[PDB]
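Notes follow once the structure below has been shown.
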Amino acid sequence: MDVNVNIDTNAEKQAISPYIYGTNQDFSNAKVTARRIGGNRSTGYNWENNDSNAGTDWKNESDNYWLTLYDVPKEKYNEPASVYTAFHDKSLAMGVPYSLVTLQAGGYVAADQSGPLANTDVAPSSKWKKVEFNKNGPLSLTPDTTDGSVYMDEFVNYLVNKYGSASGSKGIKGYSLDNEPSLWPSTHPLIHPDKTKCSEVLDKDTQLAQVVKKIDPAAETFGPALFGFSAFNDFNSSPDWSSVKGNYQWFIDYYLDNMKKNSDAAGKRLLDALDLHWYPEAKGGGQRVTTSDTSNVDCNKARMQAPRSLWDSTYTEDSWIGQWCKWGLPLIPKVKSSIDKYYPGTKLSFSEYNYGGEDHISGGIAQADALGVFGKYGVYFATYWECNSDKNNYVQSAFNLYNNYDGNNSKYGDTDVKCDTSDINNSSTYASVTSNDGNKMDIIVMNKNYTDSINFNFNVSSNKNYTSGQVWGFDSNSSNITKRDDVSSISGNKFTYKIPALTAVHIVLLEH
Ligand SMILES: [Ca+2]
Ligand SMILES: [Cl-]
């Protein structure tokens, strides 16, 4: 089929945030620009001794899981925050410019490593230390592990003491206000048996964000870290939602408006990034696309289309969101409208997401598309979450397609520009320019079609004169990014490139 692509390097310009190419889990061979330590294990992580609790993901088990996961040596097992310092040390060693780390708000953190806890061990008990936000006495780099409490200000202070402020080269840049708070009772029944109130989340986010700003005025806060659309909507059927709803379309408006009001009252921004998790509910072939089963072709197809629910008002996905909450899709324009109406200047983060089929071309194309979307639509931060025991070779290809396509860490541009394809069903196209190198334009082009090749007819409107194009890509035959044939000929900033089915490509155009 033929598809036209119209690029204008002087229209619809948008700064691409460098921190969209992040992860929660390290890749064996993929370039990242941001890393998070967060998720379910964060809520009951004790910084004083590194103990944590799995909650209902793993038998309410209190253990050394985070010590092993983050490769803390045995002689640092009892060093405060050794899990977080191993983590941020690795960020620095890798040259990764942004670490997002999680602080605790659930209410209690593991006191020991006694294994699976009984329902009788519900907090408060000898199994739990109480979280407090403020110590109200002098801070120590050697916190007391023998009392019944753990202090968040003392924790951040330890980290800043080691690394300095976020304003400097080594500082941790971001702090997450715990994790998935409306799921505290079902993920962490032993910490937080009761449903989380809208007023409770607001208050805890507000007070925890004030601790961060006190200790590191330059550090950024991420909240509320909502699990999914149900929490965006009515904070997962929060018992107090009816009484605080008023005119608010959804909990996101309530949350933004009140953080704005709370920030104005405190005299400083307390929320830097509205932080959200997005595991697509989109289905194909009767399956949610997050599945690892790639034998299901209609599921594979839905997977590559699913990123369209983030931005495209013409796309309808097969899900309960698509059926019952059409008002909330496409997601990013909706959230962006809420930000512009309730808390202007707030950034948007996706600290967990995963499109499934990680070891399949449909999983790589969907991941490549999600990364394009984040960059085109003003996402500040995003961190992929691993769902398939590191069987993620095509996910890694997508990351490398952007920032290490040639194995020499050549990267995508920092400025998104107008790049309109005539077929959004069968293709995705992103173009970028690099603010300090006018010699080049970078284009991501994917053929989402399962069987047919696409002749892409490119029309670049620019004052630059591009004369050569190089091409790198992956496809259904290999996750390995191979250098493909050069662009044939460029005449008057126009050229053609034929892409086979299920292929994702990075095109580099040069004036010279
Ligand atoms: Ca203590
Ligand atoms: Cl949540």
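Each chain of the structure tokens is named A, B, ... in the order shown, its residues numbered from 1; ligands are numbered from 1 in display order.
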Mind listing the residues within 9 Å of ligand 2, only C-alpha atoms and all ligand atoms counted, as number ranges by chain?
A: 179-184, 224-228, 230-232, 235-236, 276-277
DSSP-assigned helix (DSSP H, G or I) members of range 111-206 of chain A, reported as a ChimeraX atom specification
/A:119-121,152-163,181-187,198-206
What does the file look like for those residues with N, CA and C atoms, as an mmCIF file, in the first residue's frame?
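Written output follows (out-v3.cif):
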data_model
loop_
_atom_site.group_PDB
_atom_site.id
_atom_site.type_symbol
_atom_site.label_atom_id
_atom_site.label_comp_id
_atom_site.auth_asym_id
_atom_site.auth_seq_id
_atom_site.Cartn_x
_atom_site.Cartn_y
_atom_site.Cartn_z
ATOM 1 N N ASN A 119 -2.519 -13.281 59.145
ATOM 2 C CA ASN A 119 -3.551 -12.240 59.152
ATOM 3 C C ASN A 119 -3.658 -11.561 60.493
ATOM 4 N N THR A 120 -3.234 -12.292 61.517
ATOM 5 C CA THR A 120 -3.103 -11.804 62.867
ATOM 6 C C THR A 120 -1.965 -10.764 63.038
ATOM 7 N N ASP A 121 -1.053 -10.672 62.057
ATOM 8 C CA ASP A 121 0.095 -9.774 62.150
ATOM 9 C C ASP A 121 -0.195 -8.359 61.637
ATOM 10 N N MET A 152 10.659 9.570 57.334
ATOM 11 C CA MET A 152 10.907 9.908 55.933
ATOM 12 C C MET A 152 11.860 11.083 55.718
ATOM 13 N N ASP A 153 11.820 12.091 56.576
ATOM 14 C CA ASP A 153 12.769 13.211 56.409
ATOM 15 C C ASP A 153 14.204 12.762 56.638
ATOM 16 N N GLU A 154 14.382 11.889 57.624
ATOM 17 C CA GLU A 154 15.684 11.366 57.965
ATOM 18 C C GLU A 154 16.260 10.541 56.796
ATOM 19 N N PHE A 155 15.369 9.825 56.107
ATOM 20 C CA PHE A 155 15.679 8.999 54.937
ATOM 21 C C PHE A 155 16.171 9.845 53.754
ATOM 22 N N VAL A 156 15.427 10.902 53.406
ATOM 23 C CA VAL A 156 15.768 11.723 52.255
ATOM 24 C C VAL A 156 17.092 12.409 52.593
ATOM 25 N N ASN A 157 17.182 12.905 53.825
ATOM 26 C CA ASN A 157 18.383 13.568 54.321
ATOM 27 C C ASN A 157 19.644 12.688 54.156
ATOM 28 N N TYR A 158 19.524 11.393 54.432
ATOM 29 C CA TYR A 158 20.617 10.434 54.248
ATOM 30 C C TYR A 158 21.039 10.389 52.779
ATOM 31 N N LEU A 159 20.058 10.409 51.886
ATOM 32 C CA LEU A 159 20.310 10.297 50.459
ATOM 33 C C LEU A 159 20.980 11.553 49.913
ATOM 34 N N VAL A 160 20.496 12.708 50.347
ATOM 35 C CA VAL A 160 21.041 14.000 49.922
ATOM 36 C C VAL A 160 22.442 14.195 50.510
ATOM 37 N N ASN A 161 22.631 13.718 51.734
ATOM 38 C CA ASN A 161 23.960 13.751 52.334
ATOM 39 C C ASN A 161 24.977 13.002 51.469
ATOM 40 N N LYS A 162 24.564 11.855 50.935
ATOM 41 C CA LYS A 162 25.430 11.057 50.063
ATOM 42 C C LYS A 162 25.631 11.681 48.684
ATOM 43 N N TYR A 163 24.541 12.110 48.058
ATOM 44 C CA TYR A 163 24.568 12.460 46.642
ATOM 45 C C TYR A 163 24.504 13.961 46.358
ATOM 46 N N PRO A 181 -1.805 3.862 45.955
ATOM 47 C CA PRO A 181 -2.447 4.049 47.256
ATOM 48 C C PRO A 181 -3.888 3.495 47.377
ATOM 49 N N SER A 182 -4.687 3.566 46.307
ATOM 50 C CA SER A 182 -6.039 3.001 46.355
ATOM 51 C C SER A 182 -6.006 1.461 46.378
ATOM 52 N N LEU A 183 -4.842 0.873 46.065
ATOM 53 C CA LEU A 183 -4.679 -0.559 46.205
ATOM 54 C C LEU A 183 -4.019 -0.963 47.522
ATOM 55 N N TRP A 184 -3.743 -0.024 48.418
ATOM 56 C CA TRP A 184 -3.103 -0.401 49.688
ATOM 57 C C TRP A 184 -3.832 -1.528 50.414
ATOM 58 N N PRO A 185 -5.189 -1.476 50.517
ATOM 59 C CA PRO A 185 -5.911 -2.542 51.249
ATOM 60 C C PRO A 185 -5.881 -3.925 50.598
ATOM 61 N N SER A 186 -5.727 -4.000 49.278
ATOM 62 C CA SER A 186 -5.712 -5.309 48.631
ATOM 63 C C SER A 186 -4.313 -5.797 48.312
ATOM 64 N N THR A 187 -3.389 -4.871 48.064
ATOM 65 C CA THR A 187 -1.992 -5.217 47.909
ATOM 66 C C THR A 187 -1.313 -5.397 49.289
ATOM 67 N N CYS A 198 -9.986 9.463 49.547
ATOM 68 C CA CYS A 198 -9.535 10.562 48.708
ATOM 69 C C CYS A 198 -8.855 11.599 49.579
ATOM 70 N N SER A 199 -9.480 11.943 50.698
ATOM 71 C CA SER A 199 -8.872 12.917 51.631
ATOM 72 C C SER A 199 -7.546 12.407 52.250
ATOM 73 N N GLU A 200 -7.478 11.102 52.520
ATOM 74 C CA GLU A 200 -6.264 10.492 53.047
ATOM 75 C C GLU A 200 -5.091 10.581 52.049
ATOM 76 N N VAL A 201 -5.322 10.150 50.809
ATOM 77 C CA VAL A 201 -4.269 10.226 49.781
ATOM 78 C C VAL A 201 -3.749 11.663 49.552
ATOM 79 N N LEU A 202 -4.680 12.611 49.450
ATOM 80 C CA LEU A 202 -4.363 14.023 49.293
ATOM 81 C C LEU A 202 -3.445 14.495 50.441
ATOM 82 N N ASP A 203 -3.851 14.174 51.671
ATOM 83 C CA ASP A 203 -3.151 14.600 52.888
ATOM 84 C C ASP A 203 -1.756 13.983 52.990
ATOM 85 N N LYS A 204 -1.674 12.679 52.765
ATOM 86 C CA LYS A 204 -0.389 11.974 52.809
ATOM 87 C C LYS A 204 0.543 12.403 51.691
ATOM 88 N N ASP A 205 0.015 12.522 50.475
ATOM 89 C CA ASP A 205 0.798 13.072 49.378
ATOM 90 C C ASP A 205 1.283 14.466 49.695
ATOM 91 N N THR A 206 0.447 15.261 50.349
ATOM 92 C CA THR A 206 0.799 16.649 50.591
ATOM 93 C C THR A 206 1.926 16.755 51.629
#
So that each row is one residue of chain A with an atom at most 6 Å from ligand 1, can you give its shortest atom pair and the distance in Å to one decimal, using only C-alpha atoms and all ligand atoms, rows by chain and rising number, as a tab-separated table?
residue	atom	partner	partner_atom_place_in_ligand_line	distance
A:143	CA	ligand 1	1 (Ca)	5.9
A:144	CA	ligand 1	1 (Ca)	4.4
A:145	CA	ligand 1	1 (Ca)	4.3
A:146	CA	ligand 1	1 (Ca)	6.0
A:147	CA	ligand 1	1 (Ca)	4.9
A:148	CA	ligand 1	1 (Ca)	5.8
A:149	CA	ligand 1	1 (Ca)	4.5
A:150	CA	ligand 1	1 (Ca)	4.4
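The residues of range 179-401 of chain A that DSSP classifies as strand (DSSP E or B), using the backbone of this structure, are residues 220, 221, 222, 223, 224, 225, 226, 273, 274, 275, 276, 277, 278, 283, 284, 287, 288, 347, 348, 349, 350, 351, 352, 353, 381, 382, 383 and 384 of chain A.
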Any chance you could export the current selection's N, CA and C atoms as a short mmCIF file (atom, residue, chain, number, x, y, z; two decimals), in the first residue's frame?
data_model
loop_
_atom_site.label_atom_id
_atom_site.label_comp_id
_atom_site.auth_asym_id
_atom_site.auth_seq_id
_atom_site.Cartn_x
_atom_site.Cartn_y
_atom_site.Cartn_z
N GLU A 220 12.06 16.65 42.64
CA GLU A 220 10.71 16.61 42.07
C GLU A 220 9.86 15.51 42.71
N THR A 221 8.56 15.79 42.83
CA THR A 221 7.63 14.85 43.47
C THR A 221 6.67 14.30 42.46
N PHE A 222 6.39 13.00 42.62
CA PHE A 222 5.59 12.22 41.68
C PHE A 222 4.48 11.64 42.52
N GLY A 223 3.23 11.95 42.11
CA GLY A 223 2.03 11.45 42.78
C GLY A 223 0.80 11.51 41.89
N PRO A 224 -0.26 10.76 42.25
CA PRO A 224 -0.27 9.85 43.39
C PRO A 224 0.27 8.45 43.10
N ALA A 225 0.75 8.20 41.88
CA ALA A 225 1.12 6.85 41.39
C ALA A 225 -0.07 5.91 41.36
N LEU A 226 -1.10 6.34 40.64
CA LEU A 226 -2.36 5.62 40.51
C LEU A 226 -2.21 4.39 39.61
N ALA A 273 5.05 16.11 39.21
CA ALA A 273 4.60 15.22 38.18
C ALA A 273 3.39 14.42 38.62
N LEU A 274 2.28 14.58 37.88
CA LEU A 274 1.13 13.71 38.04
C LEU A 274 1.57 12.33 37.56
N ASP A 275 1.66 11.37 38.49
CA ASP A 275 2.23 10.08 38.16
C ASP A 275 1.18 8.98 38.08
N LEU A 276 1.24 8.22 37.00
CA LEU A 276 0.18 7.31 36.62
C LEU A 276 0.81 6.00 36.18
N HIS A 277 0.09 4.90 36.37
CA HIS A 277 0.44 3.62 35.79
C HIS A 277 -0.57 3.27 34.71
N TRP A 278 -0.10 2.65 33.64
CA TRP A 278 -0.96 2.35 32.51
C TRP A 278 -0.59 1.00 31.94
N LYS A 283 -8.19 -5.18 24.46
CA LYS A 283 -8.24 -6.60 24.15
C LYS A 283 -8.21 -6.82 22.66
N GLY A 284 -7.67 -7.98 22.28
CA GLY A 284 -7.91 -8.55 20.94
C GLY A 284 -7.96 -10.07 21.03
N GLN A 287 -8.50 -11.53 24.43
CA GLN A 287 -7.42 -11.46 25.44
C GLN A 287 -6.91 -10.03 25.65
N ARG A 288 -6.61 -9.71 26.90
CA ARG A 288 -5.96 -8.46 27.25
C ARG A 288 -4.53 -8.45 26.69
N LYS A 347 3.69 18.37 35.31
CA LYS A 347 4.13 17.42 34.30
C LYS A 347 3.42 16.08 34.39
N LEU A 348 3.55 15.28 33.34
CA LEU A 348 2.87 13.99 33.26
C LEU A 348 3.91 12.90 33.25
N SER A 349 3.72 11.92 34.12
CA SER A 349 4.63 10.77 34.22
C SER A 349 3.86 9.45 34.09
N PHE A 350 4.47 8.48 33.40
CA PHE A 350 4.01 7.07 33.44
C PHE A 350 5.10 6.18 34.02
N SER A 351 5.08 6.03 35.34
CA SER A 351 6.14 5.29 36.05
C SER A 351 6.00 3.77 36.01
N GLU A 352 4.86 3.27 35.57
CA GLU A 352 4.73 1.88 35.13
C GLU A 352 3.80 1.76 33.91
N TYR A 353 4.19 0.90 32.97
CA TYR A 353 3.41 0.58 31.77
C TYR A 353 4.09 -0.65 31.18
N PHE A 381 8.32 11.85 31.88
CA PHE A 381 9.02 10.73 32.50
C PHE A 381 8.21 9.45 32.23
N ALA A 382 8.90 8.38 31.88
CA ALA A 382 8.24 7.09 31.78
C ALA A 382 9.24 5.97 32.08
N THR A 383 8.78 4.98 32.83
CA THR A 383 9.56 3.83 33.20
C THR A 383 8.73 2.55 32.93
N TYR A 384 9.23 1.76 31.99
CA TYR A 384 8.71 0.46 31.66
C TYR A 384 8.81 -0.45 32.89
#
Proximity to residue 241 in chain A - best of A:134, A:169, A:429, A:255, only C-alpha atoms:
A:255
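Counting only C-alpha atoms, the residue from A:499, A:511, A:339, A:422 that sits nearest to residue 441 in chain A is A:511.
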All residues 10 Å or closer to residue 343 in chain A, only C-alpha atoms, same chain fewer than 4 positions away omitted, as a count of residues only:
17
Find the residues near range 392-399 of chain A: any atom within 8 Å, counting only C-alpha atoms, skip ones fewer than 2 places away on the same chain, and give them as number ranges by chain.
A: 21, 27, 29-32, 358-361, 363-365, 367-368, 371, 386, 388-390, 401-404, 474, 479-481
Which of A:326, A:484, A:494, A:173 sits closest to residue 462 in chain A [using only C-alpha atoms]
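For residue 462 in chain A, the nearest of the candidates is A:494.
Each of A:62, A:470, A:262, A:463 was compared to residue 406 in chain A using only C-alpha atoms, and A:470 turns out to be the nearest.
The two atoms in question, CA of residue 131 in chain A and CA of residue 151 in chain A, are spaced 6.0 Å apart.
Residues within 10 Å of residue 52 in chain A, counting only C-alpha atoms and excluding same-chain residues fewer than 6 positions away, are residues 40, 41, 42, 43, 44, 45, 46, 60, 61, 62, 63, 64, 65, 66, 67, 109, 110, 111, 112, 113 and 128 of chain A.
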Could you write out that same residue set with N, CA, C and O atoms as an mmCIF file, in the first residue's frame?
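Written output follows (again.cif):
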data_model
loop_
_atom_site.group_PDB
_atom_site.id
_atom_site.type_symbol
_atom_site.label_atom_id
_atom_site.label_comp_id
_atom_site.auth_asym_id
_atom_site.auth_seq_id
_atom_site.Cartn_x
_atom_site.Cartn_y
_atom_site.Cartn_z
ATOM 1 N N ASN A 40 5.062 -2.254 44.190
ATOM 2 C CA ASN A 40 4.428 -2.793 45.367
ATOM 3 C C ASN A 40 5.325 -2.998 46.564
ATOM 4 O O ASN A 40 4.855 -2.906 47.683
ATOM 5 N N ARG A 41 6.602 -3.292 46.314
ATOM 6 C CA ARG A 41 7.579 -3.581 47.374
ATOM 7 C C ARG A 41 8.013 -2.341 48.106
ATOM 8 O O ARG A 41 8.546 -2.438 49.212
ATOM 9 N N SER A 42 7.776 -1.174 47.497
ATOM 10 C CA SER A 42 8.147 0.123 48.070
ATOM 11 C C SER A 42 7.353 0.455 49.310
ATOM 12 O O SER A 42 7.888 1.054 50.244
ATOM 13 N N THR A 43 6.083 0.057 49.349
ATOM 14 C CA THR A 43 5.158 0.576 50.384
ATOM 15 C C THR A 43 5.633 0.244 51.796
ATOM 16 O O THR A 43 5.577 1.090 52.717
ATOM 17 N N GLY A 44 6.088 -0.994 51.974
ATOM 18 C CA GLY A 44 6.536 -1.441 53.278
ATOM 19 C C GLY A 44 8.038 -1.627 53.413
ATOM 20 O O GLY A 44 8.497 -2.285 54.372
ATOM 21 N N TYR A 45 8.798 -1.056 52.468
ATOM 22 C CA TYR A 45 10.260 -0.973 52.571
ATOM 23 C C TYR A 45 10.724 -0.093 53.737
ATOM 24 O O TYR A 45 10.362 1.095 53.850
ATOM 25 N N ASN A 46 11.579 -0.691 54.552
ATOM 26 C CA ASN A 46 12.144 -0.080 55.727
ATOM 27 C C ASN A 46 13.569 0.345 55.417
ATOM 28 O O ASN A 46 14.414 -0.519 55.190
ATOM 29 N N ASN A 60 2.302 -12.195 51.793
ATOM 30 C CA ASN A 60 2.554 -11.211 52.835
ATOM 31 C C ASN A 60 3.904 -11.495 53.446
ATOM 32 O O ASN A 60 4.055 -11.433 54.652
ATOM 33 N N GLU A 61 4.878 -11.839 52.603
ATOM 34 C CA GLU A 61 6.203 -12.251 53.091
ATOM 35 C C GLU A 61 7.146 -11.078 53.394
ATOM 36 O O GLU A 61 7.384 -10.192 52.535
ATOM 37 N N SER A 62 7.671 -11.095 54.617
ATOM 38 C CA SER A 62 8.682 -10.143 55.053
ATOM 39 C C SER A 62 10.050 -10.790 54.901
ATOM 40 O O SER A 62 10.306 -11.881 55.432
ATOM 41 N N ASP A 63 10.933 -10.109 54.178
ATOM 42 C CA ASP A 63 12.141 -10.756 53.726
ATOM 43 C C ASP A 63 13.195 -9.764 53.207
ATOM 44 O O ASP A 63 13.021 -8.529 53.256
ATOM 45 N N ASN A 64 14.279 -10.323 52.695
ATOM 46 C CA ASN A 64 15.401 -9.539 52.198
ATOM 47 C C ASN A 64 15.328 -9.346 50.669
ATOM 48 O O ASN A 64 16.341 -9.100 50.035
ATOM 49 N N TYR A 65 14.133 -9.446 50.095
ATOM 50 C CA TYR A 65 13.959 -9.442 48.636
ATOM 51 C C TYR A 65 14.642 -8.248 47.944
ATOM 52 O O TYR A 65 15.338 -8.400 46.934
ATOM 53 N N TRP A 66 14.442 -7.051 48.490
ATOM 54 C CA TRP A 66 15.048 -5.879 47.865
ATOM 55 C C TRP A 66 16.594 -5.844 47.986
ATOM 56 O O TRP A 66 17.272 -5.394 47.051
ATOM 57 N N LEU A 67 17.136 -6.348 49.097
ATOM 58 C CA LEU A 67 18.596 -6.555 49.219
ATOM 59 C C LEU A 67 19.183 -7.430 48.099
ATOM 60 O O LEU A 67 20.211 -7.095 47.539
ATOM 61 N N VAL A 109 6.173 -0.212 57.877
ATOM 62 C CA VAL A 109 7.216 -0.846 57.059
ATOM 63 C C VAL A 109 7.717 -2.064 57.825
ATOM 64 O O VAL A 109 7.592 -2.092 59.047
ATOM 65 N N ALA A 110 8.266 -3.055 57.117
ATOM 66 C CA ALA A 110 8.638 -4.342 57.735
ATOM 67 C C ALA A 110 9.664 -4.126 58.811
ATOM 68 O O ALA A 110 10.664 -3.404 58.604
ATOM 69 N N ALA A 111 9.399 -4.715 59.979
ATOM 70 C CA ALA A 111 10.363 -4.712 61.061
ATOM 71 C C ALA A 111 11.376 -5.882 60.936
ATOM 72 O O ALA A 111 12.459 -5.820 61.469
ATOM 73 N N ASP A 112 11.041 -6.941 60.217
ATOM 74 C CA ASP A 112 11.932 -8.116 60.207
ATOM 75 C C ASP A 112 11.943 -8.857 58.869
ATOM 76 O O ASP A 112 11.464 -8.337 57.858
ATOM 77 N N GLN A 113 12.542 -10.046 58.868
ATOM 78 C CA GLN A 113 12.540 -10.923 57.706
ATOM 79 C C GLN A 113 11.969 -12.263 58.099
ATOM 80 O O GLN A 113 12.532 -13.292 57.732
ATOM 81 N N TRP A 128 5.945 -4.737 62.420
ATOM 82 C CA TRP A 128 5.865 -3.469 61.723
ATOM 83 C C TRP A 128 6.477 -2.311 62.514
ATOM 84 O O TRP A 128 6.334 -2.215 63.753
#
Within 10 Å of residue 486 in chain A, counting only C-alpha atoms, which residues qualify if same-chain residues fewer than 2 places away don't, as a list in words?
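With the cut-off at 10 Å, the set is residues 468, 469, 470, 471, 472, 483, 484, 488, 489, 497, 507, 508 and 509 of chain A.
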Take the selection from the previous step and output its residues with N, CA, C and O atoms, as a compact mmCIF listing (two decimals), in the first residue's frame.
# COMPACT_ATOMS: atom_id res chain seq x y z
N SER A 468 21.09 12.78 2.02
CA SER A 468 21.28 11.35 2.23
C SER A 468 20.48 10.84 3.42
O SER A 468 20.23 11.56 4.38
N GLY A 469 20.07 9.58 3.35
CA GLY A 469 19.35 8.92 4.43
C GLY A 469 19.93 7.54 4.72
O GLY A 469 20.12 6.74 3.80
N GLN A 470 20.20 7.28 5.99
CA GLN A 470 20.57 5.94 6.47
C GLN A 470 19.44 5.34 7.31
O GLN A 470 18.67 6.07 7.95
N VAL A 471 19.36 4.02 7.34
CA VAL A 471 18.21 3.36 7.91
C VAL A 471 18.62 2.15 8.76
O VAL A 471 19.41 1.34 8.32
N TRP A 472 18.07 2.06 9.99
CA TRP A 472 18.30 0.92 10.90
C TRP A 472 16.97 0.38 11.38
O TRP A 472 16.05 1.12 11.63
N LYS A 483 21.50 -2.45 10.18
CA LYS A 483 21.55 -1.37 9.21
C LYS A 483 20.93 -1.86 7.93
O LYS A 483 21.32 -2.90 7.38
N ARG A 484 19.92 -1.12 7.46
CA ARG A 484 19.23 -1.48 6.24
C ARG A 484 19.76 -0.64 5.08
O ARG A 484 20.65 0.19 5.24
N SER A 488 17.37 5.64 -1.16
CA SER A 488 17.76 5.59 -2.57
C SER A 488 18.32 6.90 -3.08
O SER A 488 19.48 6.99 -3.50
N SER A 489 17.47 7.92 -3.05
CA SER A 489 17.81 9.23 -3.61
C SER A 489 16.88 10.21 -2.97
O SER A 489 15.69 9.91 -2.74
N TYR A 497 10.51 5.20 0.72
CA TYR A 497 11.10 4.06 1.40
C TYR A 497 10.01 3.01 1.63
O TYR A 497 8.98 3.28 2.28
N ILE A 507 15.15 6.30 10.57
CA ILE A 507 15.78 6.90 9.39
C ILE A 507 16.57 8.12 9.84
O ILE A 507 16.04 8.95 10.58
N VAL A 508 17.82 8.22 9.40
CA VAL A 508 18.65 9.40 9.70
C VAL A 508 18.91 10.15 8.39
O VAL A 508 19.51 9.61 7.45
N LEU A 509 18.42 11.39 8.31
CA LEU A 509 18.68 12.22 7.14
C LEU A 509 19.76 13.23 7.46
O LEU A 509 19.79 13.79 8.57
Show me, as a PyMOL selection string, the residues that have an atom within 9 Å of residue 459 in chain A when counting only C-alpha atoms, minus same-chain residues fewer than 3 positions from it.
chain A and resi 4-8+492-496
In Å, rounded to a single decimal, give me how far CA of residue 331 in chain A is from CA of residue 317 in chain A.
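CA of residue 331 in chain A lies at a distance of 11.9 Å from CA of residue 317 in chain A.
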Pick from A:356, A:98, A:316, A:308 nearest to residue 387 in chain A, counting only C-alpha atoms
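Checking each of A:356, A:98, A:316, A:308 against residue 387 in chain A, counting only C-alpha atoms, the winner is A:356.
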Which of these residues is nearest to residue 249 in chain A, using only C-alpha atoms: A:445, A:379, A:325, A:433?
A:325
